[PDB]
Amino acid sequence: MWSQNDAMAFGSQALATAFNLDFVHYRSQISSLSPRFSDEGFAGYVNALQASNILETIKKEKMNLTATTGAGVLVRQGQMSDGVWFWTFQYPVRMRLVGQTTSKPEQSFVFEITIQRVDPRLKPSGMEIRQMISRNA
């Protein structure tokens, strides 16, 4: 298993979960995503949320975050010095803060995600995101 197509699907699934957040349950949604990331990877997600002021806006304005991930592509793959295989993908992502009475403007990005292999004895997916970088599109 662990084909590049499997890894691409893992990344798009992670992005879908990461950026569809509910104004009531967002903290629990976010913590539940941790298994998809290394802790350094998760820092990139936290940075992406902060760069768009997501958490404060969700909390203060009672807005949900919605997002759609487009078709992604493999940039490169290989192994690190440690013999651990990785894949780097980029995906278009559009997201929008949406409230009951109104919304914020949609924002468009390309996310770069590097996924590395993990011992399946530790994480049964055998994968985790070790780096997440948001770029404006």
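Residue indices: 1-based, along the sequence shown.
Colleague: Mind pulling up the entry and telling me whether 74-82 or 45-53 has the higher mean Cα temperature factor?
Modeller: The deposited B-factors put 74-82 ahead on the C-alpha mean.
Colleague: Mean Cα B factor from the PDB record: higher for 35-43, or higher for 55-63?
Modeller: The recorded data point to 55-63.
Colleague: Looking at the temperature factor on the CA atom of residue 4, which third of the chain's modelled residues does it land in?
Modeller: It belongs to the middle third of the chain when residues are ordered by C-alpha B-factor.
Colleague: Considering only modelled residues of the same chain, in which third does the CA B-factor of residue 90 rank: lowest, middle or highest?
Modeller: For residue 90, whose C-alpha B-factor we compare with every modelled residue in the chain, the answer is the lowest third.
Colleague: Ranked by Cα temperature factor within the chain, is residue 16 in the lowest third, the middle third or the highest third?
Modeller: Highest third, going by the recorded CA B-factors of the chain.
Colleague: Ordered by C-alpha B-factor within the chain, which third holds residue 133? Give me lowest, middle or highest, please.
Modeller: Within its chain, residue 133 is a middle-third residue by C-alpha B-factor, going by the deposited values.
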